[PDB]
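Below: one protein chain in two forms, given as structure tokens, structure 1 then structure 2.
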Structure 1
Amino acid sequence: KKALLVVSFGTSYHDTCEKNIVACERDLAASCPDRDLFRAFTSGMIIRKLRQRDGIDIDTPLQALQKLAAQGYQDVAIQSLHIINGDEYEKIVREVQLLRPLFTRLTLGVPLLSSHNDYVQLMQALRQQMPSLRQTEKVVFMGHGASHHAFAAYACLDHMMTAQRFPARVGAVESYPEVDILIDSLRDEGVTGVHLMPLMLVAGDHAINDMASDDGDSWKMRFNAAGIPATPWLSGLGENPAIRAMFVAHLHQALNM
């Protein structure tokens, strides 16, 4: 008796949830058609907003696991839709560790950016949502960032891009490299325009405001103020089938050893 639990950071914005979190849950459920599908979010604030504003009840990972144990699932596979191994993913790791003894079999599949091969595969996957660029144009990816030590992931990926002359850059809102680092670096290459894309699973209004709004600290205004015009593309990573396939391979690696 078998479950698949898919844990997202979450979003209160319905249309982006459907285009991204649902599309990933759909693909993961198809790869495990012998599993019943369940959802949980790590963001308690988002869960609370959904309850109070919308009357929609999303489980935390602890609640989802308690319910799975209650309903008699002995075998639970969990897949994180997080991008990095930071506080949010670790919330899953810790809750899983606490309740692990309630199950005969548990596995837990890791965030997008975990191993060295993940970074290589992610660059390949990102290539499928990028346009054909001229030599003085680049795509710029905007991640959340982190205070947790896993914030190092964003710079490592940017470093790999630069080393292989991939035509994109990566930074973070809340951590290094911040947008001014990339702007200084791109200005020195004589990059002439950029396309901004989120390096986040969903693109909710606040992500959109950090990237694209008319606020002077938006990434678009910052690039524009440097004389490098910026065109925002408002899709989450969940909307890219090659990203979904990496989440599917992680679940399947958690399943096999």
Structure 2
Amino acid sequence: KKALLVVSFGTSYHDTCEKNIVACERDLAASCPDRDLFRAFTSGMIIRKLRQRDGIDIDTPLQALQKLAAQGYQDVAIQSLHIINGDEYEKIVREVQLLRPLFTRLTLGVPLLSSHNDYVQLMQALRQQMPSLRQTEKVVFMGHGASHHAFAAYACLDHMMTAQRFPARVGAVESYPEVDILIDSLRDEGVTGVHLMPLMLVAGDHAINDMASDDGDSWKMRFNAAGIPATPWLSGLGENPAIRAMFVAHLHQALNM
């Protein structure tokens, strides 16, 4: 009796959830034909909202594993759908370690950016969702998170793209790298237009409001005011099959360790 537990931050937006979370959940479940698929969200705020508005009861990672032990699952494999290997992920690391004694085997895969090779692979994956570019055009990715794990990861990715001349740049909403610096920089280089894409699992309010909207504080209005027309592409990273494949590869690395 084996289980597969897929852990996300969460979203209360059904459509982007279905397109990213569920799509990742499905591929992960499908690569484990002998496991039952279970879900857990981490964000209390999202859990409460789905409960009050939809009647949906989403377990936390602690509630999910306790219910799995009560159902007789002795071996549970867990994959978290995080981009950053940081604070959210370490919280799941602790909770898994705590509840380990309830099971014969508990295994946990790691977030997207957890080694040099993940950065390499993630940049290959991102290249698959980028539209055809004019040479004065670039794609601009919008990350989220101000922790030191998150912004260093965004900077590093920007550092690698720039060095290798990948036709994209990475910024982080209200974090680093800063989009105003990026805008200045792209303007001084002669950038003609940009494609804004979320560097996030799902397209939530950050992507809808801060990245793509018509509010004057959005990244696309600020690119436009700098004379660099911006076209928003509201899709989470879960919609990209190359990213879903990285999640799968991480689940199987953990199982194989």
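Shifts are known only where both forms have a C-alpha. C-alpha atoms forming the largest set that superposes within 1.5 Å between two forms make up the rigid core. Numbering for residues begins at 1 and runs along the sequence of structure 1.
No residue of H159, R105, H116, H149 other than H149 has its CA displaced by 2 Å or more between structure 1 and structure 2 when the core is superposed. When the rigid core is held fixed, the Cα atom of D57 travels less than 2 angstroms between structure 1 and structure 2. When two forms of a protein are overlaid on their rigid core, residues whose CA moves 2 Å or more are considered shifted, and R26 is not one of them between structure 1 and structure 2. With a cut-off of 2 Å and the rigid core superposed, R48 has a Cα displacement that falls short of the cut-off between structure 1 and structure 2. Once the core is aligned between structure 1 and structure 2, the alpha carbon position of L182 differs by 1.3 Å; this is the C-alpha shift at that site.
In the rigid-core superposition between structure 1 and structure 2, residue position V96 carries a C-alpha shift of 0.9 Å. Overlaying the rigid core between structure 1 and structure 2 leaves the Cα of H206 displaced by 4.3 angstrom. Look at the core-aligned forms between structure 1 and structure 2 and you find runs of 3 or more residues with C-alpha shifts of 2 angstroms or more at 146-151, 204-207.
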